[PDB]
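Here is the structure we will look at, set down as structure tokens.
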Amino acid sequence: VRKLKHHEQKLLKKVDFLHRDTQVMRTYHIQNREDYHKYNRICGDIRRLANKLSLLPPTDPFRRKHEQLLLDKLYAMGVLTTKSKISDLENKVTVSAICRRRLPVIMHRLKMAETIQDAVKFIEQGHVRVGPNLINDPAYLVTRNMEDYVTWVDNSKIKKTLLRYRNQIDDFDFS
Amino acid sequence: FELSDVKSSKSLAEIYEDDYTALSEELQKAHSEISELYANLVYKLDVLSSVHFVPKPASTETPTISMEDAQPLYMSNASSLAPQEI
Amino acid sequence: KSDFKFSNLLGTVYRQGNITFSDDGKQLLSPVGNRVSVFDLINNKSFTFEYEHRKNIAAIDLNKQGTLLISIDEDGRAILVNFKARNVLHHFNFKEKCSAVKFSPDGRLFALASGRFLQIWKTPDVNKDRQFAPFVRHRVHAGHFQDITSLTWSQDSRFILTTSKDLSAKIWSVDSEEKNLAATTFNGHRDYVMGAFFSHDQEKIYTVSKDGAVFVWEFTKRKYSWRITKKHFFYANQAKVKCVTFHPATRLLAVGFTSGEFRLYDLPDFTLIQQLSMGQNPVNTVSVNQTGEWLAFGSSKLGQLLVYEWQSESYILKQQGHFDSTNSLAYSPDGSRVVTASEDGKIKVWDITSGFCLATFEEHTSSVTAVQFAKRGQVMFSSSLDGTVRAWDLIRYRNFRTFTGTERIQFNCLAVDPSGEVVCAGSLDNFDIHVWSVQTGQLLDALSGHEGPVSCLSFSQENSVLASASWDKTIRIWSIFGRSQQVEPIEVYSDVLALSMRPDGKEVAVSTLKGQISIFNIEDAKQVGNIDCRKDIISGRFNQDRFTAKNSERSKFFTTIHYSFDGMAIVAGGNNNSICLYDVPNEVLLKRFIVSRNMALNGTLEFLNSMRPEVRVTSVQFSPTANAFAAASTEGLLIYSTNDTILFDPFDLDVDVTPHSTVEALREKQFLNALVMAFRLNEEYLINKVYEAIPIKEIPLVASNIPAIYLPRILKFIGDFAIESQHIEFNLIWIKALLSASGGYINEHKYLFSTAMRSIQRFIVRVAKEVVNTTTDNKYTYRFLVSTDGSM
Amino acid sequence: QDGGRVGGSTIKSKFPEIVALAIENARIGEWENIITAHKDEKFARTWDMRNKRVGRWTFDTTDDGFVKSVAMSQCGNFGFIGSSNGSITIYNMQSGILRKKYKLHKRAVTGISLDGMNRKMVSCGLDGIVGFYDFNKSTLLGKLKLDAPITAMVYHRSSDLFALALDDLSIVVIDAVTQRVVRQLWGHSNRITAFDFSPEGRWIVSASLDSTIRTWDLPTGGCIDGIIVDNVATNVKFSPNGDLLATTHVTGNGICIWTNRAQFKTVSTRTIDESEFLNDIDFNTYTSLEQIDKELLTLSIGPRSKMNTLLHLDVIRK
Amino acid sequence: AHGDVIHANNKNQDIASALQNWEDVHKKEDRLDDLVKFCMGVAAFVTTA
Amino acid sequence: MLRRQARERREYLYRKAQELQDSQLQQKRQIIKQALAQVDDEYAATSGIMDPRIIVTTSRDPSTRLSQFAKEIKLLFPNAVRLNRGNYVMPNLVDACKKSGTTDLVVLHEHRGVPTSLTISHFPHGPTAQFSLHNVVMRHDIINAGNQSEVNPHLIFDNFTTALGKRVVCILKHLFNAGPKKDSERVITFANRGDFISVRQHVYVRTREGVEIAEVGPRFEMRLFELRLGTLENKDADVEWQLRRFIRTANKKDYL
């Protein structure tokens, strides 16, 4: 609070009232400290569940069916593309994995927007659409099918200037 | 299985009364706890990946009544049985 | 015909508030979020109030003589209705959060625990004409320090007990003299006071704690006032009392706790008559009959409600609504049953006559995506996101077969063979039409040709072929029998998301994302024609919206469609706040219903006053009775109906066609012409008059000479009347006459006489078959017991 | 839209008094929804309700006849204009453009109507003829002719019944599907000022220049009510909700409101008009017989599941 | 309920005359079974063909 | 759908690289299986599960000899369907068969009515095997011997040594229909020598004492001169194995 000097610092080193949170928030344009806390809490929960299902005896059909259930569930979600290992879940599931599974990273991935923050702005303006329905919150993890089926909303100025640069406007579809 | 080389918690009377009285209650409670945890985590993922509103799943002796019936509640068991299957 | 009155809501039997009884006890009033539900108990009938609310319901109370009903929301908005007209008299604005509302036992006034004050307001008259300001205030009591958590009238309308979170129970009075007599306080209590109640001799006062402590004061001696005469205690570990009801004349107490546990006691001896549990969730509200035999326990954590009789120990009902939402709808082939499926894998099946959840199924784990039937009233089908579909009985009530793919792909759409030999499911990730035979249990095939996920599947039952609409902006019709296995694709202008077929089976309606619903002739595979829908959509604005509700592309399409069984009307419902009804030949809309007005829901406001739940019409369907139609949405199951019948829609009238001229024809014994005028005027009470009037021996002659124009209408009427008629011998004589009259005509015009025969033959199997079964068993049991030899 | 000048005086002024008006709410907040035929204009002005403004269209009659009737399509896309010379111009309200022009009448067309299906069109002018038209097509279905000249027409789409206050002081109700008169109402001792259907079309309320307001039940065709007003009502209207009646009198700058005891209670149907000036029939509801004949077999008065309750009650115990 | 005892005391004269009258009324009423079999079967025939 | 199929092709190349590094790790761990003491991905998905379906196709404007020859190819192959490629293009062709949902494609090329080239593609983004077939002897050419039995035949593979040969026998095993009868009375051979695989149809019976066969059907020598990872409509995907004609040891090196 005052950038304490040497003797009062060695007297009171521990008092503080106010960094992977801000790290992924800056490199990955996440919204909230609590968004990171939720994702990290989630990852710790998953690791605890891995502990518990491993504590369940390995020669158990219940254990194997619930294990493969979690495996292909998180795969069809998208947080892991492999299905084979168990070390892939005990190690590779990250806040960065779920963060690249987040929507504006996928928009920036498919180059919908040049930048992830402009992707977020397009999300706020609703100039996008996710399969059947459009979207407005960036805090969205997209299933792989909707990742294949996400695009701009129709009759949007952004898609219209896409077709204007490509000189392929079709006003029949109010494109 | 494997034995334990620590001191027995119970006496001879206690183990003998226990024997004198589900695979195991430990596996039962483990299945129960991991089921509630899986329910909550599937709920969290549905929250994070849902476009539409999803509330909490649920909240996790004595004579107790079961509201939802998986049957019309007035049909006999012999009536619901097929003659081939009897 | 185009008029439709909202008949009833099913699902979410109790949502929020106090559930109350009727005076005779033969009706229950349960508060749903924006309406209130009338429950006729003697004849087992449901009714939903047609008036909306501003938001979710906070407090309701019914008049002692069964005439008025006040319903305050959380905003002071207090709707006062007359019961016998079922009509909103007033909508006052109590501009504070009103907690408890209690009618006076004399009925001229009421008390209102609204905040920490006790409001007391007098009543206008019901036989009086409408006024401008009939709401009149009587008293305000403000001797509290925290919120009045409970209210209690005396036997007379003078004394009030205001139980409050201040650990207090204040006796007020509605007059100054009895206020000076007993306007006292009651303290010396545990955590909060939950309730206070007068005795029958009114010498004792019973205050039940949140701690579980009942303190019995009594006006006894030690110039003497309110000695705590007795103390009684519930003994629970963590279960604390949430809801209390005490009947004085039968000295009974009902305490529902936070753990499902409700305990039932007799007070003066303090005996636990019994103690049971509804579940793991807190008991929220209890109500108790005048005669006291019946007790209601409604708990909102899962939306369940149980009405019970302690005397014969009989659960009158033990029902529960769906937790999340009625995803999918299914009428019955006769209509008597309707299936709802939710997000849980809870499939709740209901009767419509007694609008009751008959049963459920919970074998699917994920949401059941679609629910279907065959052309037979036996079998039900449930396609889920589990990666499986399931085939079930509705008579032995058992799953037949959980058909699955090896990969267990998440089927959304589904269709079933009319004879019920093949079942097809269509997913989203695979979009390969998986088809199983029934009795084999295995898949026959998995049709491809669709690129991108298939929106919907339908079977033209007549030629029995399949149309599959996929998001490639296409339809693809397959004929799969007769060594054909052949294909007809159809390009449309945008991605289709809704699909249905004509009940005659040559035209097909389709809704795409642009909001246009086209129709195609199948055989030429040529567009019959389209209807626009982008304009007549009332979509709602969001609070977190950054654009307008106008420029929002939120629900500018339709997601579910249903044909009229005539193939002339359409009920369409998408993600908007609307349910529309179009006409096929004029290609025009017929009706728009705003589904609900509630600020609690998201897509309701159009422009805000200068996440949260959202309202969307999930599934729509007509009724095979052709007198109603249902829609499953984010709240449950709405049913609009044409059973109002108070609208003069006559048929080719003349000057001389008056009802008194019709009675003139009756007293003239010109029954043919009388019934002609009855059908020309088209007024059901007069039609019932002539129908009950004319005699049996000329029933056949009149039926022989009835014109074919009035033929389908008289079939329809005799059906929709004889269902709730008991003169079944009469009515079967009638049906026998008409079928002897015109059989081959109907056989020629089967699609024309579609709605008639369905409702009629349903009525046969609804009641007449069962009565005849009982008759035959009576005779045979007689014959056996008589003919057999006596023992010993 | 052309950017040219407007021809008018520099100073501002209000529009002439509104002698005819139509309005719809199908597409509200999209384009114009009110059409107003002012006093002695060969054109009718448009008005936006939601903006609370004039709309940008004004439809001329093109025959130099004053617009005597206006009508709006139920979908709000069309505006019909019946002029003073029988011309029935038809416009698109979206762009305010001239679409059609029917020509049957030679007198002032004093009433125009379209079905809810936007298919048939019923027209009526001062010569006494009634024109039935396909609007989906452009053809003439029928041309009825009456005795008196025609004053006023009220169409009821929910019944497809249209009643007419004629010049011989009568209200003639005509069905459109059979295209013939079904009812005739006599008794108005003076000019029928205004008349209206019930929302259910069971009654018609008519204010007439003999200081009278009569309510007629069309089923029996009998005047079930008659009131004599001090202030002669010039406008009588049912509310869209079947609860209220709105009357403009000839005096007082406001509109009187009437609450419906018939909405809150049953009503006897008795021709009591000239009296002032079978009870099941009087209350238009018919209770059923308990048992019609001794040979007829009758069943439970109430629920029917009582049978299974008796047979399947002990299993409900178990 | 009381069918076992009535079968036990079957061939008693008073109850025999009484059940005779009951079955008299029953064989009077059989026409409803007849007619509903009729109308049901024929309505099925019309709705099929 | 372009995004979808591109994602499937990316995952296909990634999975083949993963199979590649796992195979090198398998060669590494082969040394410890002796110290102490598998089908492909796209054929592991449907090894014995699903019956295959093969479309045989001409290149373009074929001779009658090629017509009857591809007809004989269909006759030898169960679940095989003809295609006369007339004014059809390669990409729309492969995409239409992918739309239909298909297992395997065999398209033929020639010179002056003489069949000399055969390419087989696996439709779920699978590999392509490119052969030059020369020594064609047709049943149409020889005799009216009747017709084939068309029962699900038996398979005889000979001289398959290298892991390239293992990939080959996997592909041919999987193109022939799964789960044959033990008494399937027609047998096919796969006779390899000098890098020249050669095949003839053989019906067979056992005698009172021994066995007796009849060679029937076709008779020729083909040679795989290419194997690509991607599909044929690529023409640019990474080649899995390429023949080296212009090398030092070309007339001497076996299995290349």
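Residue numbering for chain C follows Swiss-Prot, covering 2-223, 245-632, 675-856 in order.
According to its header, the structure was obtained by electron microscopy, 7.1 Å.
Keep in mind that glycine also has a Cβ here, set from the backbone N, Cα and C atoms.
If you check Swiss-Prot, you get these features:
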type   : residues  : note
REPEAT : C:12-52   : repeat 'WD 1'
REPEAT : C:53-93   : repeat 'WD 2'
REPEAT : C:94-132  : repeat 'WD 3'
REPEAT : C:144-183 : repeat 'WD 4'
REPEAT : C:258-297 : repeat 'WD 6'
REPEAT : C:300-340 : repeat 'WD 7'
REPEAT : C:343-382 : repeat 'WD 8'
REPEAT : C:385-424 : repeat 'WD 9'
REPEAT : C:428-470 : repeat 'WD 10'
REPEAT : C:513-552 : repeat 'WD 12'
REPEAT : C:575-614 : repeat 'WD 13'
REPEAT : C:676-714 : repeat 'WD 14'
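Non-local neighbours of the repeat 'WD 6' (C:258-297) in the same chain are 151, 156, 195-196, 198-201, 207, 209-213, 215, 252, 303-311, 313-314, 317, 319, 321, 332; each lies 6+ residues outside the stretch with a CB under 8 Å from one of its CB atoms. Taking residue pairs at least 6 apart in sequence, the repeat 'WD 1' (C:12-52) and the repeat 'WD 7' (C:300-340) share three or more C-beta contacts under 8 angstroms. Note: the repeat 'WD 13' (C:575-614) comprises 0 helix, 19 strand, 21 coil (DSSP; helix = H, G, I, strand = E, B). Across the repeat 'WD 10' (C:428-470), DSSP helix (H, G, I), strand (E, B) and coil residues number 0 helix, 22 strand, 21 coil. Comparison of C:53-93, C:94-132, C:428-470, C:676-714 by number of C-beta pairs under 8 angstroms to the repeat 'WD 13' (C:575-614) places C:676-714 first. Comparison of C:94-132, C:144-183, C:385-424, C:428-470, C:676-714 by number of C-beta pairs under 8 angstroms to the repeat 'WD 1' (C:12-52) places C:676-714 first. Only sequence-distant pairs (6 or more apart) were considered; of these, at least three Cβ pairs between the repeat 'WD 8' (C:343-382) and the repeat 'WD 14' (C:676-714) are under 8 A, so the stretches are in contact. Proximity of distant same-chain residues to the repeat 'WD 9' (C:385-424), defined by a Cβ-Cβ separation under 8 Å and at least 6 residues beyond the stretch ends, is recorded for 349-352, 354-356, 359, 361-367, 369, 371, 430-442, 445, 447, 458, 460, 463, 483. For the repeat 'WD 8' (C:343-382), the DSSP-based tally of helix, strand and coil residues reads 0 helix, 19 strand, 21 coil. DSSP assignment over the repeat 'WD 6' (C:258-297) gives 0 helix, 24 strand, 16 coil. In terms of DSSP secondary structure, the repeat 'WD 14' (C:676-714) contains 0 helix, 18 strand, 21 coil. According to DSSP, the secondary structure content of the repeat 'WD 7' (C:300-340) in residues is 0 helix, 21 strand, 20 coil.
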